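Student: Following this message is one structure expressed as structure tokens.
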Amino acid sequence: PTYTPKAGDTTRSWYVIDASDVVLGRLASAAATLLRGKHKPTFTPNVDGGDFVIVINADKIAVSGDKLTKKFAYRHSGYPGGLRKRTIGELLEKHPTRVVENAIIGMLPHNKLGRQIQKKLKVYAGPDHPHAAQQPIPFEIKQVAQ
Amino acid sequence: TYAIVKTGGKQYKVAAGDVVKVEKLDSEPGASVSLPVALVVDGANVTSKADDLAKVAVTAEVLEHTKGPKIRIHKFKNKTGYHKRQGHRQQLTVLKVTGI
Amino acid sequence: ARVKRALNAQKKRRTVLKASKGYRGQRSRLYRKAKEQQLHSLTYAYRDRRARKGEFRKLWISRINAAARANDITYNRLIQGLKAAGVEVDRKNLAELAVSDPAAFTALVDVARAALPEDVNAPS
Amino acid sequence: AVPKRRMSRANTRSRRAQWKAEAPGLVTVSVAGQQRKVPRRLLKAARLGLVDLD
Amino acid sequence: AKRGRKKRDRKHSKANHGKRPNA
RNA sequence: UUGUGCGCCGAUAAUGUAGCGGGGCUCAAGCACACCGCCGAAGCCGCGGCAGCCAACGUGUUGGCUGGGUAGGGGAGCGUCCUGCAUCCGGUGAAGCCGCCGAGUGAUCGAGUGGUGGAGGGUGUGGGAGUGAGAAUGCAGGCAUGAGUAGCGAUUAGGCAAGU
RNA sequence: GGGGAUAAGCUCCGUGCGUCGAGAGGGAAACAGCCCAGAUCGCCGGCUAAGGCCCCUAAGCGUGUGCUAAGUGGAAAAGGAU
RNA sequence: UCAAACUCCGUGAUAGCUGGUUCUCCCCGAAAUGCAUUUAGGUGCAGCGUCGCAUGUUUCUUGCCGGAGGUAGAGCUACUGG
RNA sequence: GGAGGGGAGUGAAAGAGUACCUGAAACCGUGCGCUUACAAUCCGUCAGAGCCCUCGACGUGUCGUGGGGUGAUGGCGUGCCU
């Protein structure tokens, strides 16, 4: 029988990704891989094993092309004519962490488990984070050559 | 110090003393069998070349002949009236791996 | 020779009802509605037994590719190496080696790296 | 209009259990030398004998 | 009009090979 | 100026983005041409079980091809009741009903056993069927959902003290 | 090919053309009739077809040379345009 | 209850019409075409299925050989027209 | 107050008490074990953590060619008949 994680088999570690000057799409897919625990060989779809991912410098993140002014982030309140949109440029100015969060949130499974994964993603606008007591391991986005 | 054994078209990871359920073999209970090997690990080293594997074989004894779980099949297609009932029990042989 | 259909008919009612225990609502009490479930229940199983083989093969690939990238080698190259190197361990045990005893898997990866061609994009 | 569907078991019992009673709050009073429990609303009357205690 | 043109278009998909039932 | 590969404008509806499935992508995750792997089904292969057609020899094994299926045609069976004949069980507890543990390729089985029960049953081989229901706005009986819900049948009106 | 306005998911014909009807499984997001392929049963083995390999989602943010600035890709005409 | 009352009887009236028809497995497996029809949502014969008997590859696929057309195309001081 | 019931008796049996042989299913409770108040569910199916019960071998609890009941979570999934 294939091995399946037991009660206490799961383990966690903390990763901090410098979001400065990283492409939004590229950074998000890297974080969405970490949070789901895809890197571990102990992966199991119905058990979360992802590692807490801290994203710092979340307001410097680079978006290519004209997407800073022509990409809208829509939201509907349910009331008739309640569809209000904010272009990415505005969404970065008011509260910048949202742009990184949504682009990660839409990368994870949408089921109940994907709601549990979100609890393990902390993203901050500034270059500093309060989680220094947990000793995050700095993480960088490379690509295995084939 | 374990080995991966080919039998019945499937490869099982066994060591000394493990008990496995493999497809039926022509060997009465209590008899001993020898099976080929797909890979052997001894401590830290690994034997993977096809030549050395052909030199080694896993010996095992046949515990008994059993049957698998009962499978009930009821094929069906709506608005037609097509029912087909049929059971199945796979015959299984269970081995105790003695030595490699 | 009038025959009362109680004995002959009650036989099939017990089978379905006993086999439909654990269902929620009406599908656990009434023979008519339980039989409607047993048509679906035994159709789902026969479809899921075939799909289980494909599903479990998949879970193994995810564990192999996760450990293969930990040793800096992509999965598709790792398999190309292993096939060329003459190693014929299937995916079930490869995923088993990757999780339980990582020392052997590193040995297997190094075998795959050696047997790979010098320039994998060559038109050979 | 009429109920379109037969309300299931879970939905029937969920609403039915809201149809309950609340037990009265009883205080102890001493009449003629014996202690009997009467609601605090009827406390004053039971001391003057206006309340019949079986 | 919008509905009709969209259905005839999605016949061009790579996996349909340029044909689809009901055009 | 000519021919070409990609583009721009023409562009334009009524619940909510809404003419990429979503996120996102030009640091292509887009397009064209070559090259390299891999994933992918109930397809093909491996190991095992069954059946149909045919062949080889044999006093039923082996081998080869085949086994989606409605209307429909053909073959073989499970279960129920009544009877010929022959046998066996039963107040030291039959039938029926409720379970446990199992069994068969299917209808299904249990002379395997616990509880309730109180008087008839099983098997082999023949005979005959009022012999198998999930549905006909099907029939009779019992009981649900709506639900502790609507109502409690005018246009007069009752109250207090005492009694049983 | 006829009728229609060379319109219809229109209608009537031909086809040792297909499929659905009477057909599961993979792909096309979902989607009888399109593409791959015809389910005797079991397996926690392997190779492929159409289709894919950044995350959801399995396998490539693959290698070489270019092109695109329009999110073209990820709807459209006469025609306009250093 | 009235464009011809009610009850019994003929009577289980008759419907080219709607509905319903109950246990299992194994093998094979269609049609929605033609002709006719007081006929078009019916039916008869033929066509396509299955079972038995008879005949055996006569069936089918490919190559080669002998055939007759009058489409696609094209042509017009070669005809009839434009 | 009665109805009804609890002791005590008859009875082989009161799981035969004139609502009375056997006493099923729908329907209605009571007790116990597991699960459920951030969640889109033709109500199953395939994986599957945890808890509870059971059968063995080995110590205090720990595994197994085990059996049961619940099932957090993931994948797939458009009732039956005409």
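Naming scheme: A, B, ... for chains in displayed order of the structure tokens; residues 1 onward per chain; ligands 1 onward as shown.
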Tell me which protein, DNA and RNA residues are within 12 Å of residue B:51, counting only C-alpha atoms (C1' of nucleotides), leaving out same-chain ones fewer than 6 positions away, and put them as a list in words.
Tutor: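 After dropping sequence-adjacent residues, the list is residues 37, 38 and 39 of chain B; 86 and 87 of chain C.
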Student: Export C-alpha atoms of the chosen residues as a CSV table (one decimal), in the first residue's frame?
Tutor:
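As written to disk, selection_32.csv reads:
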```csv
chain,number,residue,atom,x,y,z
B,37,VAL,CA,14.3,-8.9,-8.8
B,38,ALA,CA,13.8,-5.4,-10.2
B,39,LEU,CA,16.2,-3.7,-7.7
C,86,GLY,CA,18.0,-0.1,-17.9
C,87,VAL,CA,16.3,0.5,-14.6
```
Student: Could you list, as a PyMOL selection string, the residues of chain A having an atom within 10 Å of chain F when counting only C-alpha atoms (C1' of nucleotides)?
Tutor: chain A and resi 22-26+28-29+64-65+72-85+102-108+146
Student: At a cut-off of 12 Å, which residues of chain I touch chain B? Count only C-alpha atoms (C1' of nucleotides) and give the answer as a PyMOL selection string.
Tutor: chain I and resi 64-65+79-82
Student: Pull the closest atom pair for each residue of chain C that gets at most 6 Å from chain F, along with the distance in Å to one decimal, counting only C-alpha atoms (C1' of nucleotides), ordering rows by chain and then ascending residue number, as a Markdown table.
Tutor:
```
| residue | atom | partner | partner_atom | distance |
| --- | --- | --- | --- | --- |
| C:1 | CA | F:82 | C1' | 5.6 |
| C:2 | CA | F:130 | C1' | 4.6 |
| C:3 | CA | F:81 | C1' | 5.1 |
| C:8 | CA | F:80 | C1' | 5.4 |
| C:76 | CA | F:38 | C1' | 4.5 |
| C:120 | CA | F:36 | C1' | 6.0 |
| C:121 | CA | F:36 | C1' | 4.4 |
| C:123 | CA | F:35 | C1' | 5.3 |
```
Student: Given the selection you just returned, output its residues as a file containing C-alpha atoms, formatted as a PDB file, in the first residue's frame.
Tutor:
```pdb
ATOM      1  CA  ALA C   1     -52.843 -23.579  -7.431  1.00  0.00           C
ATOM      2  CA  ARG C   2     -52.985 -19.990  -6.218  1.00  0.00           C
ATOM      3  CA  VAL C   3     -49.570 -18.742  -5.097  1.00  0.00           C
ATOM      4  CA  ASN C   8     -40.753 -15.263  -3.378  1.00  0.00           C
ATOM      5  CA  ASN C  76      10.451  13.835 -17.748  1.00  0.00           C
ATOM      6  CA  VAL C 120      19.388  16.375 -24.715  1.00  0.00           C
ATOM      7  CA  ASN C 121      18.129  18.651 -27.502  1.00  0.00           C
ATOM      8  CA  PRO C 123      18.411  15.628 -33.173  1.00  0.00           C
TER       9      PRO C 123
END
```
Student: Any idea what the distance is between atom CA of residue A:86 and atom CA of residue A:69?
Tutor: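 Rounded to one decimal, the two atoms are 9.4 Å apart.
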Student: Write out as JSON, numbers by chain which residues come within 10 Å of residue D:27 when counting only C-alpha atoms (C1' of nucleotides), dropping same-chain ones fewer than 3 positions away.
Tutor: {"D": [24, 35, 36, 37, 38, 39, 40, 41, 42, 43]}
Student: Export, as a short mmCIF file (atom, residue, chain, number, x, y, z; two decimals), in the first residue's frame, the selected residues with N, CA and C atoms.
Tutor:
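Result saved to result.cif:
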```cif
data_model
loop_
_atom_site.label_atom_id
_atom_site.label_comp_id
_atom_site.auth_asym_id
_atom_site.auth_seq_id
_atom_site.Cartn_x
_atom_site.Cartn_y
_atom_site.Cartn_z
N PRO D 24 -41.46 26.51 34.27
CA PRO D 24 -41.54 27.70 35.12
C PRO D 24 -40.45 27.71 36.18
N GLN D 35 -42.93 23.14 53.40
CA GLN D 35 -42.34 23.84 52.27
C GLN D 35 -42.91 23.31 50.97
N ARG D 36 -43.50 24.19 50.17
CA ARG D 36 -43.98 23.86 48.85
C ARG D 36 -43.42 24.87 47.86
N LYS D 37 -43.29 24.45 46.61
CA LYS D 37 -42.69 25.28 45.57
C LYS D 37 -43.78 25.95 44.76
N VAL D 38 -43.74 27.28 44.70
CA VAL D 38 -44.70 28.05 43.92
C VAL D 38 -43.92 29.01 43.03
N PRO D 39 -44.44 29.39 41.87
CA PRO D 39 -43.74 30.39 41.05
C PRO D 39 -43.67 31.72 41.78
N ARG D 40 -42.61 32.47 41.51
CA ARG D 40 -42.42 33.73 42.22
C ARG D 40 -43.53 34.72 41.93
N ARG D 41 -44.26 34.53 40.83
CA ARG D 41 -45.41 35.37 40.56
C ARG D 41 -46.50 35.15 41.60
N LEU D 42 -46.73 33.91 41.99
CA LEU D 42 -47.76 33.56 42.97
C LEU D 42 -47.24 33.52 44.39
N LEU D 43 -46.09 34.12 44.66
CA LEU D 43 -45.52 34.06 46.00
C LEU D 43 -46.41 34.74 47.02
#
```
Student: Using only C-alpha atoms, find each residue of chain C with at least one atom at most 9 Å away from an atom of chain A; report its shortest atom-to-atom pair and that distance in Å (one decimal), sort the rows by chain and rising residue number, and return the result as JSON lines.
Tutor:
```
{"residue": "C:56", "atom": "CA", "partner": "A:2", "partner_atom": "CA", "distance": 8.7}
{"residue": "C:59", "atom": "CA", "partner": "A:44", "partner_atom": "CA", "distance": 7.4}
{"residue": "C:60", "atom": "CA", "partner": "A:2", "partner_atom": "CA", "distance": 8.6}
{"residue": "C:62", "atom": "CA", "partner": "A:43", "partner_atom": "CA", "distance": 7.3}
{"residue": "C:63", "atom": "CA", "partner": "A:41", "partner_atom": "CA", "distance": 4.6}
{"residue": "C:64", "atom": "CA", "partner": "A:41", "partner_atom": "CA", "distance": 6.8}
{"residue": "C:65", "atom": "CA", "partner": "A:41", "partner_atom": "CA", "distance": 7.9}
{"residue": "C:66", "atom": "CA", "partner": "A:39", "partner_atom": "CA", "distance": 5.0}
{"residue": "C:67", "atom": "CA", "partner": "A:41", "partner_atom": "CA", "distance": 5.1}
{"residue": "C:68", "atom": "CA", "partner": "A:41", "partner_atom": "CA", "distance": 8.7}
{"residue": "C:69", "atom": "CA", "partner": "A:144", "partner_atom": "CA", "distance": 7.1}
{"residue": "C:70", "atom": "CA", "partner": "A:39", "partner_atom": "CA", "distance": 7.6}
{"residue": "C:72", "atom": "CA", "partner": "A:144", "partner_atom": "CA", "distance": 5.9}
{"residue": "C:73", "atom": "CA", "partner": "A:144", "partner_atom": "CA", "distance": 6.5}
{"residue": "C:74", "atom": "CA", "partner": "A:146", "partner_atom": "CA", "distance": 6.3}
{"residue": "C:76", "atom": "CA", "partner": "A:146", "partner_atom": "CA", "distance": 8.7}
{"residue": "C:77", "atom": "CA", "partner": "A:146", "partner_atom": "CA", "distance": 6.8}
{"residue": "C:92", "atom": "CA", "partner": "A:2", "partner_atom": "CA", "distance": 7.5}
{"residue": "C:93", "atom": "CA", "partner": "A:2", "partner_atom": "CA", "distance": 8.7}
{"residue": "C:95", "atom": "CA", "partner": "A:41", "partner_atom": "CA", "distance": 8.1}
{"residue": "C:96", "atom": "CA", "partner": "A:2", "partner_atom": "CA", "distance": 7.0}
{"residue": "C:98", "atom": "CA", "partner": "A:41", "partner_atom": "CA", "distance": 6.5}
{"residue": "C:99", "atom": "CA", "partner": "A:41", "partner_atom": "CA", "distance": 5.8}
{"residue": "C:100", "atom": "CA", "partner": "A:3", "partner_atom": "CA", "distance": 8.4}
{"residue": "C:120", "atom": "CA", "partner": "A:146", "partner_atom": "CA", "distance": 8.0}
```
Student: Grab the residues selected above and save them as a compact mmCIF listing (two decimals), in the first residue's frame with N, CA and C atoms.
Tutor:
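Okay, this is what ended up in selection-v9.txt:
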```
# COMPACT_ATOMS: atom_id res chain seq x y z
N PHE C 56 -4.23 6.45 -8.88
CA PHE C 56 -3.10 6.08 -8.04
C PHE C 56 -1.78 6.19 -8.78
N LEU C 59 -0.91 9.98 -8.35
CA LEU C 59 -0.34 10.39 -7.07
C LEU C 59 1.14 10.06 -7.01
N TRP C 60 1.54 8.93 -7.59
CA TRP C 60 2.95 8.54 -7.58
C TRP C 60 3.80 9.49 -8.41
N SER C 62 3.29 12.64 -8.87
CA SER C 62 3.45 13.88 -8.12
C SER C 62 4.52 13.74 -7.05
N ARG C 63 4.61 12.57 -6.42
CA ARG C 63 5.66 12.36 -5.43
C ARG C 63 7.02 12.19 -6.09
N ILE C 64 7.07 11.53 -7.25
CA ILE C 64 8.34 11.39 -7.95
C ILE C 64 8.84 12.75 -8.41
N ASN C 65 7.97 13.52 -9.06
CA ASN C 65 8.39 14.81 -9.60
C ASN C 65 8.78 15.77 -8.49
N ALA C 66 8.18 15.64 -7.32
CA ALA C 66 8.55 16.50 -6.20
C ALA C 66 9.94 16.16 -5.69
N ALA C 67 10.25 14.87 -5.58
CA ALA C 67 11.57 14.48 -5.11
C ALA C 67 12.61 14.63 -6.21
N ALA C 68 12.22 14.41 -7.46
CA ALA C 68 13.17 14.59 -8.55
C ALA C 68 13.63 16.03 -8.64
N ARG C 69 12.73 16.98 -8.45
CA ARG C 69 13.14 18.37 -8.49
C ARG C 69 13.93 18.76 -7.25
N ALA C 70 13.85 17.99 -6.17
CA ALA C 70 14.67 18.26 -5.01
C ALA C 70 16.12 17.86 -5.25
N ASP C 72 17.38 18.26 -8.28
CA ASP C 72 17.66 19.05 -9.47
C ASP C 72 17.70 18.12 -10.69
N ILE C 73 16.50 17.64 -11.03
CA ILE C 73 16.27 16.99 -12.31
C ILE C 73 14.77 16.95 -12.55
N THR C 74 14.33 17.36 -13.73
CA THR C 74 12.91 17.32 -14.02
C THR C 74 12.44 15.89 -14.19
N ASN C 76 10.43 14.44 -16.42
CA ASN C 76 10.45 13.83 -17.75
C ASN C 76 11.85 13.41 -18.14
N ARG C 77 12.87 14.17 -17.74
CA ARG C 77 14.23 13.74 -17.98
C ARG C 77 14.60 12.56 -17.08
N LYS C 92 5.16 3.00 -8.81
CA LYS C 92 4.69 2.79 -7.44
C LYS C 92 5.86 2.71 -6.48
N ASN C 93 6.89 1.93 -6.84
CA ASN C 93 8.03 1.77 -5.95
C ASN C 93 8.97 2.96 -6.01
N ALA C 95 7.96 6.05 -6.28
CA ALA C 95 7.35 6.95 -5.32
C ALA C 95 7.57 6.46 -3.90
N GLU C 96 7.63 5.15 -3.71
CA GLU C 96 7.88 4.60 -2.39
C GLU C 96 9.31 4.88 -1.93
N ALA C 98 11.12 7.37 -2.93
CA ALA C 98 11.27 8.80 -2.75
C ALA C 98 10.81 9.25 -1.37
N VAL C 99 9.79 8.60 -0.83
CA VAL C 99 9.21 9.06 0.43
C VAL C 99 9.91 8.42 1.62
N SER C 100 10.07 7.10 1.59
CA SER C 100 10.55 6.37 2.75
C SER C 100 12.05 6.46 2.94
N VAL C 120 20.66 17.07 -24.59
CA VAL C 120 19.39 16.37 -24.72
C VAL C 120 18.55 16.90 -25.87
```
Student: At a cut-off of 7 Å, which residues of chain A touch chain I? Count only C-alpha atoms (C1' of nucleotides) and give the answer as number ranges by chain.
Tutor: A: 6-7, 45-47
Student: Just N, CA, C and O atoms for this one: save the residues we selected as a PDB file, in the first residue's frame.
Tutor:
```
ATOM      1  N   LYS A   6       0.122  10.094   8.449  1.00  0.00           N
ATOM      2  CA  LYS A   6      -0.603   9.756   9.662  1.00  0.00           C
ATOM      3  C   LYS A   6      -0.879  11.032  10.454  1.00  0.00           C
ATOM      4  O   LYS A   6      -0.862  12.134   9.902  1.00  0.00           O
ATOM      5  N   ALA A   7      -1.167  10.894  11.745  1.00  0.00           N
ATOM      6  CA  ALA A   7      -1.526  12.027  12.585  1.00  0.00           C
ATOM      7  C   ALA A   7      -0.446  13.099  12.610  1.00  0.00           C
ATOM      8  O   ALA A   7      -0.654  14.203  12.096  1.00  0.00           O
ATOM      9  N   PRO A  45      -3.069  14.788  -1.890  1.00  0.00           N
ATOM     10  CA  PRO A  45      -4.010  15.839  -2.300  1.00  0.00           C
ATOM     11  C   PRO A  45      -4.986  16.252  -1.222  1.00  0.00           C
ATOM     12  O   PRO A  45      -5.355  17.430  -1.163  1.00  0.00           O
ATOM     13  N   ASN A  46      -5.415  15.335  -0.360  1.00  0.00           N
ATOM     14  CA  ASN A  46      -6.457  15.621   0.612  1.00  0.00           C
ATOM     15  C   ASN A  46      -5.908  15.983   1.979  1.00  0.00           C
ATOM     16  O   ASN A  46      -6.679  16.098   2.931  1.00  0.00           O
ATOM     17  N   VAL A  47      -4.597  16.148   2.104  1.00  0.00           N
ATOM     18  CA  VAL A  47      -3.964  16.579   3.342  1.00  0.00           C
ATOM     19  C   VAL A  47      -3.020  17.718   3.008  1.00  0.00           C
ATOM     20  O   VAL A  47      -2.153  17.570   2.141  1.00  0.00           O
TER      21      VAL A  47
END
```
Student: Using only C-alpha atoms, which chain B residues lie at most 9 Å away from chain C, written as number ranges by chain?
Tutor: B: 4, 10-13, 38-39, 41, 44-46, 48-50, 72-76, 83
Student: Mind running chain C against chain I at 12 Å and telling me each contacting residue's nearest atom pair with the distance in Å (one decimal), counting only C-alpha atoms (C1' of nucleotides), chain and number ascending, as a tab-separated table?
Tutor:
```
residue	atom	partner	partner_atom	distance
C:6	CA	I:24	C1'	10.7
C:7	CA	I:24	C1'	11.7
C:10	CA	I:24	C1'	10.1
C:13	CA	I:25	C1'	10.6
C:14	CA	I:25	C1'	11.2
C:17	CA	I:25	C1'	11.6
C:20	CA	I:44	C1'	10.8
C:21	CA	I:69	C1'	11.4
C:22	CA	I:69	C1'	9.8
C:23	CA	I:44	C1'	8.3
C:24	CA	I:43	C1'	6.8
C:25	CA	I:43	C1'	8.4
C:26	CA	I:43	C1'	10.1
C:27	CA	I:43	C1'	8.9
C:28	CA	I:43	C1'	11.4
C:29	CA	I:26	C1'	8.9
C:30	CA	I:26	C1'	8.2
C:31	CA	I:25	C1'	10.0
C:32	CA	I:80	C1'	9.1
C:33	CA	I:80	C1'	8.7
C:34	CA	I:80	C1'	10.9
C:35	CA	I:80	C1'	9.1
C:36	CA	I:80	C1'	6.3
C:37	CA	I:44	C1'	7.6
C:38	CA	I:44	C1'	9.3
C:39	CA	I:80	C1'	9.5
C:40	CA	I:44	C1'	7.4
C:41	CA	I:44	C1'	6.2
C:42	CA	I:45	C1'	8.3
C:43	CA	I:45	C1'	8.5
C:44	CA	I:45	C1'	5.1
C:45	CA	I:45	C1'	5.7
C:46	CA	I:45	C1'	9.2
C:47	CA	I:45	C1'	8.7
C:48	CA	I:46	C1'	5.4
C:49	CA	I:46	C1'	7.0
C:50	CA	I:46	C1'	9.6
C:51	CA	I:46	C1'	8.0
C:52	CA	I:46	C1'	6.3
C:53	CA	I:46	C1'	10.1
C:54	CA	I:75	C1'	11.2
C:55	CA	I:75	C1'	8.1
C:56	CA	I:47	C1'	8.5
C:58	CA	I:75	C1'	11.3
C:59	CA	I:47	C1'	10.5
```
Student: Skip stretch 71-74 of chain F itself and residues of its chain fewer than 6 positions away, then list as number ranges by chain all residues within 10 Å of it, counting only C-alpha atoms (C1' of nucleotides).
Tutor: G: 22; H: 27-31, 49-51
Student: Those same residues, written as a PDB file, in the first residue's frame with N, CA and C atoms (P, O5', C5', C4', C3', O3' and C1' of nucleotides)?
Tutor:
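Output saved as out.pdb:
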```pdb
ATOM      1  P     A G  22     -32.099   4.410 -28.694  1.00  0.00           P
ATOM      2  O5'   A G  22     -30.885   3.409 -28.877  1.00  0.00           O
ATOM      3  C5'   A G  22     -30.768   2.281 -28.022  1.00  0.00           C
ATOM      4  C4'   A G  22     -29.552   1.447 -28.334  1.00  0.00           C
ATOM      5  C3'   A G  22     -28.233   2.209 -28.386  1.00  0.00           C
ATOM      6  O3'   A G  22     -27.192   1.389 -27.863  1.00  0.00           O
ATOM      7  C1'   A G  22     -28.603   1.120 -30.445  1.00  0.00           C
TER       8        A G  22
ATOM      9  P     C H  27     -21.885 -13.588 -24.140  1.00  0.00           P
ATOM     10  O5'   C H  27     -22.465 -14.166 -25.495  1.00  0.00           O
ATOM     11  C5'   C H  27     -21.821 -15.242 -26.144  1.00  0.00           C
ATOM     12  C4'   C H  27     -22.529 -15.610 -27.416  1.00  0.00           C
ATOM     13  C3'   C H  27     -22.846 -14.465 -28.354  1.00  0.00           C
ATOM     14  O3'   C H  27     -21.741 -14.055 -29.133  1.00  0.00           O
ATOM     15  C1'   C H  27     -24.749 -15.819 -28.116  1.00  0.00           C
ATOM     16  P     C H  28     -21.661 -12.549 -29.670  1.00  0.00           P
ATOM     17  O5'   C H  28     -22.785 -12.480 -30.785  1.00  0.00           O
ATOM     18  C5'   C H  28     -22.726 -13.311 -31.929  1.00  0.00           C
ATOM     19  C4'   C H  28     -23.987 -13.202 -32.741  1.00  0.00           C
ATOM     20  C3'   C H  28     -24.419 -11.798 -33.115  1.00  0.00           C
ATOM     21  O3'   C H  28     -23.704 -11.271 -34.213  1.00  0.00           O
ATOM     22  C1'   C H  28     -26.279 -13.011 -32.337  1.00  0.00           C
ATOM     23  P     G H  29     -23.488  -9.687 -34.349  1.00  0.00           P
ATOM     24  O5'   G H  29     -24.961  -9.098 -34.367  1.00  0.00           O
ATOM     25  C5'   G H  29     -25.781  -9.232 -35.514  1.00  0.00           C
ATOM     26  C4'   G H  29     -27.083  -8.500 -35.331  1.00  0.00           C
ATOM     27  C3'   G H  29     -26.947  -7.045 -34.944  1.00  0.00           C
ATOM     28  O3'   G H  29     -26.778  -6.230 -36.083  1.00  0.00           O
ATOM     29  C1'   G H  29     -28.508  -8.107 -33.520  1.00  0.00           C
ATOM     30  P     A H  30     -26.277  -4.722 -35.933  1.00  0.00           P
ATOM     31  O5'   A H  30     -27.625  -3.900 -35.841  1.00  0.00           O
ATOM     32  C5'   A H  30     -28.120  -3.211 -36.973  1.00  0.00           C
ATOM     33  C4'   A H  30     -29.296  -3.926 -37.579  1.00  0.00           C
ATOM     34  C3'   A H  30     -30.298  -3.036 -38.279  1.00  0.00           C
ATOM     35  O3'   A H  30     -29.898  -2.702 -39.591  1.00  0.00           O
ATOM     36  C1'   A H  30     -31.437  -4.506 -36.849  1.00  0.00           C
ATOM     37  P     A H  31     -29.754  -1.168 -40.009  1.00  0.00           P
ATOM     38  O5'   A H  31     -31.250  -0.705 -40.238  1.00  0.00           O
ATOM     39  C5'   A H  31     -32.119  -1.460 -41.059  1.00  0.00           C
ATOM     40  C4'   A H  31     -33.523  -0.935 -40.968  1.00  0.00           C
ATOM     41  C3'   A H  31     -33.658   0.569 -41.077  1.00  0.00           C
ATOM     42  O3'   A H  31     -33.690   1.003 -42.418  1.00  0.00           O
ATOM     43  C1'   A H  31     -34.899  -0.210 -39.228  1.00  0.00           C
ATOM     44  P     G H  49     -29.253  -8.939 -42.339  1.00  0.00           P
ATOM     45  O5'   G H  49     -29.988  -8.882 -40.934  1.00  0.00           O
ATOM     46  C5'   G H  49     -29.339  -8.322 -39.808  1.00  0.00           C
ATOM     47  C4'   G H  49     -30.002  -8.723 -38.516  1.00  0.00           C
ATOM     48  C3'   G H  49     -29.906 -10.187 -38.133  1.00  0.00           C
ATOM     49  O3'   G H  49     -28.673 -10.508 -37.515  1.00  0.00           O
ATOM     50  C1'   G H  49     -32.124  -9.435 -37.850  1.00  0.00           C
ATOM     51  P     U H  50     -28.058 -11.984 -37.633  1.00  0.00           P
ATOM     52  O5'   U H  50     -29.043 -12.886 -36.778  1.00  0.00           O
ATOM     53  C5'   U H  50     -29.092 -12.771 -35.366  1.00  0.00           C
ATOM     54  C4'   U H  50     -30.178 -13.639 -34.799  1.00  0.00           C
ATOM     55  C3'   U H  50     -30.042 -15.124 -35.090  1.00  0.00           C
ATOM     56  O3'   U H  50     -29.229 -15.784 -34.138  1.00  0.00           O
ATOM     57  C1'   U H  50     -32.218 -14.403 -35.645  1.00  0.00           C
ATOM     58  P     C H  51     -28.412 -17.101 -34.539  1.00  0.00           P
ATOM     59  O5'   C H  51     -29.538 -18.204 -34.704  1.00  0.00           O
ATOM     60  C5'   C H  51     -30.203 -18.722 -33.567  1.00  0.00           C
ATOM     61  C4'   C H  51     -31.225 -19.756 -33.951  1.00  0.00           C
ATOM     62  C3'   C H  51     -30.754 -20.838 -34.902  1.00  0.00           C
ATOM     63  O3'   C H  51     -30.038 -21.871 -34.258  1.00  0.00           O
ATOM     64  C1'   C H  51     -32.825 -20.005 -35.634  1.00  0.00           C
TER      65        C H  51
END
```
Student: Quick one: DSSP strand (DSSP E or B) residues in chain B, as a ChimeraX atom specification?
Tutor: /B:2-7,10-14,19-23,32-35,37-42,45-47,58-67,71-77,82-88,91-99
Student: Enumerate as an MDAnalysis selection string the residues belonging to chain G that approach chain E to within 12 Å, with only C-alpha atoms (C1' of nucleotides) taken into account.
Tutor: chainID G and resid 8:9 19:20 26:29 31:36 50:52 75:76
Student: Using backbone DSSP assignments, extract all helix (DSSP H, G or I) residues from stretch 1-122 of chain C; output them as a PyMOL selection string.
Tutor: chain C and resi 6-19+25-28+31-70+75-85+91-100+102-115
Student: Please, what distance in Å, to one decimal, runs between atom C1' of residue G:54 and atom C1' of residue F:28?
Tutor: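 The value is 10.1 Å.
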Student: Please find the residues of chain F near chain D - the criterion being any atom within 9 Å, counting only C-alpha atoms (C1' of nucleotides) - and write them as a list in words.
Tutor: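 So the contacting residues turn out to be residues 145, 146 and 148 of chain F.
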Student: Which distance in Å separates atom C1' of residue H:10 and atom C1' of residue F:138, to one decimal?
Tutor: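 Between atom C1' of residue H:10 and atom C1' of residue F:138 the gap works out to 27.9 Å.
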Student: Using only C-alpha atoms (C1' of nucleotides), which residue out of H:79, H:15, H:39, H:22 lies closest to chain C?
Tutor: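 Using only C-alpha atoms (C1' of nucleotides), the shortest distance to chain C belongs to H:22.
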Student: I'd like the neighbourhood of residue F:101 as a PyMOL selection string, where a residue qualifies if any of its atoms comes within 12 Å (using only C-alpha atoms (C1' of nucleotides)), though same-chain residues fewer than 5 positions away should be ignored.
Tutor: (chain F and resi 110+112-114) or (chain I and resi 67)
